[PDB]
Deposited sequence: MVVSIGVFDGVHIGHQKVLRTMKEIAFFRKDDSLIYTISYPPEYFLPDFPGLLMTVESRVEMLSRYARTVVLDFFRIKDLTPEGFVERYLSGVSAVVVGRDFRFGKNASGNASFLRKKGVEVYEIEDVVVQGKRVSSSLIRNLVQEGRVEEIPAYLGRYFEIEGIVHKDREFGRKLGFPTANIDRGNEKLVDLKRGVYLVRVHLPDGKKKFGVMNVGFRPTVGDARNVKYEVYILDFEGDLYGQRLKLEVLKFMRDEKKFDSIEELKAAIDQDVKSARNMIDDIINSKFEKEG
């Protein structure tokens, strides 16, 4: 029994499907297999916002659920429905998908098809947080419009920026090379997970050059992060990206951060 799809971000509508995968599992005595497609057709277009995380990262969550097998978009973009079943669904007798799920050169095959190929399709009806069908798209935008405080209602958690370092002080994050989405330009209140389990707060600014840069000033930290990797949770969108008195502006933020922080701490 397997659920197919991209699963980018692995949102709440995603987790729905995965769990139902566990159900149809037990009551079938079968084992579970997630089939995560590398990229959506869109990815290969200019106006594509971006992925919410790297595939490597996505197969970290998808994994913590079932056994994930990544399907390469190049390798399957021309396979026909029949071609697909044969090369990827043999032996399997049931899939878990959503009301939309299509597949095969020209979306040639719906669930009906798979049914007529001797396979059971358990369609999970759409999940919707506040009037809209959760989706990577929908989250892909709030990220663009700086609406971070609005993401947990869809992502099941805070949006995250993560990468290798270098390449005030501020740490420069290299989110890798995949075509990832970028946040509205600006200053953000962030939660930093450092090595050794450390979770320090910080402020992160995002600016141009075309390109977008990610720099965080981690509060109360004074060590070397040059080579290290980091995972930052974007909690709040503080202020917009501005204009030699900048060293004076950041303090608005820092002194501000310290305050938003202490806000929670008190509200036991």
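S.K.: Numbering from 1, run down the deposited sequence and write out every stretch that has no C-alpha in the structure.
M.R.: Seq positions lacking coordinates: 1, 169 to 177, 220 to 225, 260 to 263, 289 to 293.
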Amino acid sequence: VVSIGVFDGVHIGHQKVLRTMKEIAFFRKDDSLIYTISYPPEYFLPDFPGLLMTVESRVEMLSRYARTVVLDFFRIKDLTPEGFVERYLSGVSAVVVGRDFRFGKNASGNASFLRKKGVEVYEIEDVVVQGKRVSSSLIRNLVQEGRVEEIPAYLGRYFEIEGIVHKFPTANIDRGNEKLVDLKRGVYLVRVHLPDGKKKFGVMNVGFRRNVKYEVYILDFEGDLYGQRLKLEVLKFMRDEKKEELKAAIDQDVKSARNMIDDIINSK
From here on, numbers count along this sequence of modelled residues.
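Throughout, rigid core stands for the largest set of C-alpha atoms superposing within 1.5 Å between the two forms.
S.K.: Between 183 to 191 and 90 to 98, pick out the one whose C-alpha positions differ more from the shown form in 5 other deposited structures of this protein, using the rigid core for superposition.
M.R.: Looking at 90 to 98 and 183 to 191 in 5 other deposited structures of this protein, the bigger mover is 90 to 98.
S.K.: Core-aligned, which moves more in 5 other deposited structures of this protein: 169 to 177 or 99 to 107, by CA RMS?
M.R.: Output: 99 to 107, the stretch lying farther off on average in 5 other deposited structures of this protein.
S.K.: For the other entries of this protein included in the comparison (both sides of the residue modelled), is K236 absent in a third of them or more?
M.R.: No, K236 is modelled in every one of the other compared entries that cover both of its flanks.
S.K.: What about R64, left without coordinates in a third or more of the other entries of this protein that model its neighbours?
M.R.: Looking at the other entries that model residues on either side of it, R64 is present in every one.
S.K.: Please compare 214 to 222 with 36 to 44 and say which has the higher mean C-alpha temperature factor in the record.
M.R.: Comparing 214 to 222 with 36 to 44, the higher mean C-alpha B-factor belongs to 214 to 222.
S.K.: Mean C-alpha B-factor higher for 151 to 159, or for 116 to 124?
M.R.: 116 to 124 has the higher mean C-alpha B-factor.
S.K.: In the PDB entry, which of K105, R185, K179, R140 has its C-alpha at the highest B-factor?
M.R.: In this record, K105 carries the highest C-alpha B-factor of the candidates.
S.K.: Say you rank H166, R75, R191, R87 by Cα B-factor from the PDB entry; which sits at the top?
M.R.: Each of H166, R75, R191, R87 was compared by C-alpha B-factor; the highest is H166.
S.K.: Sorting the chain's CA B-factors, does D174 end up in the lowest, middle or highest third?
M.R.: Answer is middle: the recorded C-alpha B-factor places it there.
S.K.: When the modelled residues of the chain are sorted by Cα temperature factor, does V92 land in the lowest, middle or highest third?
M.R.: According to the entry, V92 has a C-alpha B-factor in the chain's highest third.
S.K.: State the tercile, meaning the lowest, middle or highest third, of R19 with respect to the CA B-factors recorded for its chain.
M.R.: It falls in the middle third of the chain.
S.K.: So where's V6 on the chain's Cα temperature factor ranking, which third?
M.R.: Its C-alpha B-factor, which the entry lists for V6, ranks in the lowest third among residues of this chain.
S.K.: Can you work out whether the C-alpha temperature factor of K231 puts it in the lowest, middle or highest third of the chain?
M.R.: It falls in the middle third of the chain.
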